[PDB]
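Have a look below at one chain only, the form deposited without the partner chain, in structure tokens format.
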């Protein structure tokens, strides 16, 4: 299902990439996307899939477009257009200068100081989860750790019942990796049905949780509206439920396959932070975009007002112009160049939280379970979308090679 080419698009710029179902998926999602960076592909292409949209394939172009909010607006950041149209999260569907006041509040809730405060819980849960799995000699990493770990921490931050995970998680997934089961607008509405009553409750009778802080916050010297709060909280939930969860599975799949990298971290722990950056470069996983506010000529291509462009965060660090041997994991790279957390005014506020969850997992898993592999005859499947993911990750290990702490 290819849309007919608009008049302004040169046929030589056509490359029919389906961000939801790329051709090479079997090879790995990162590898499936990297097809865009082969020599046969121009820097900026038009795909006929998902209603037709531009895709910038190079880190330089991506960064430039992200900086340029004048031309590339956040108003409609999702593809397909119906999803980007329905999208009304704050701060993300706003451009500067409006965005700024909303970002400042969201930072209050997810920023550095919050991470510092939650550090002990993060360490506590990681350890508990790992210790609980250790003696089993096998898990489903995705369901057994990658989901519960970051999710439960978010549920704690937010003050929401763990009971709601399944329902919330389902809705979040519909937004980033649509099934066909529900439209974005439907998913969005259902999440909103969930939040509304809670926000109300928390405006009346505030807590210390993230939702209470957001619901009662000040923006541009006046109180936030219920609608604004609902829209911020909807974003926090997606970021909380759908990001770190998927990343940890890519990273663990890779460590399950690379004894030598596991070892390096065990002996030279000072390298964990560097390693984290390298893994965030190699297993980058987000791809959203922007909408042209006007006609604009960008790197010699004519963009029409209302055209959508995908600016895949994932691709910058995979670009050979940015990192030599991009597909190779190297913990001692002199420069780890990526835009995994985004770029420009919408740089991820949850990044500090994400890095602390990642480093804790690596240190604590490797301590207890130094030696593991993917289960014999398990075929690992990746899924593509706005945020890419791993379907299931069967791991096996000999309990006798583990260490209790």
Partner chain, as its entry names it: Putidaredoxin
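Numbering follows the first chain given and starts at 1.
Higher mean CA temperature factor, per the PDB entry, when comparing 191 to 199 with 149 to 157: 191 to 199. Higher average CA B factor: 124 to 132, of the stretches 273 to 281 and 124 to 132.
Ranking 323, 142, 176, 208 by the C-alpha B-factor listed in the PDB entry places 208 at the top.
As recorded in the entry, 226 carries the highest CA temperature factor of 93, 308, 249, 226. Sorting the modelled residues of the chain by their CA temperature factor places residue 335 in the highest third.
For residue 353, the recorded CA B-factor ranks within the lowest third of the chain. Only modelled residues enter the ranking. The deposited CA B-factor of residue 14 belongs to the middle third of values across its chain. Placement of the Cα temperature factor of residue 388 within the chain: lowest third of the modelled residues, per the deposited record. Sorting the modelled residues of the chain by their CA temperature factor places residue 164 in the highest third.
The form deposited with the partner chain bound is left out here; the points below concern that form.
In terms of contact with the partner chain in the entry with it bound, the residue from 104, 324, 266, 185 that brings a heavy atom within 4.5 Å is 104. Out of the listed residues 349, 55, 62, 358, 349 is the one that sits within 4.5 Å of the partner chain in the entry with it bound by at least one heavy atom. Only one segment in the set 113 to 121, 144 to 152, 161 to 169, 177 to 185 has residues whose heavy atoms sit within 4.5 Å of the partner chain in the entry with it bound; it is 113 to 121. Using a 4.5 angstroms limit between non-hydrogen atoms, residue 100 touches the partner chain in the entry with it bound. With a 4.5 Å cutoff on heavy atoms, residue 31 does not count as touching the partner chain in the entry with it bound; it lies far away. For residue 345, a non-hydrogen atom is located within 4.5 Å of the partner chain in the entry with it bound, even though that partner is not displayed. Although the partner is absent here, residue 67 lies within 4.5 Å of the partner chain in the entry with it bound, judged by heavy atoms. Residues in 375 to 392 all lack a heavy atom within 4.5 Å of the partner chain in the entry with it bound.
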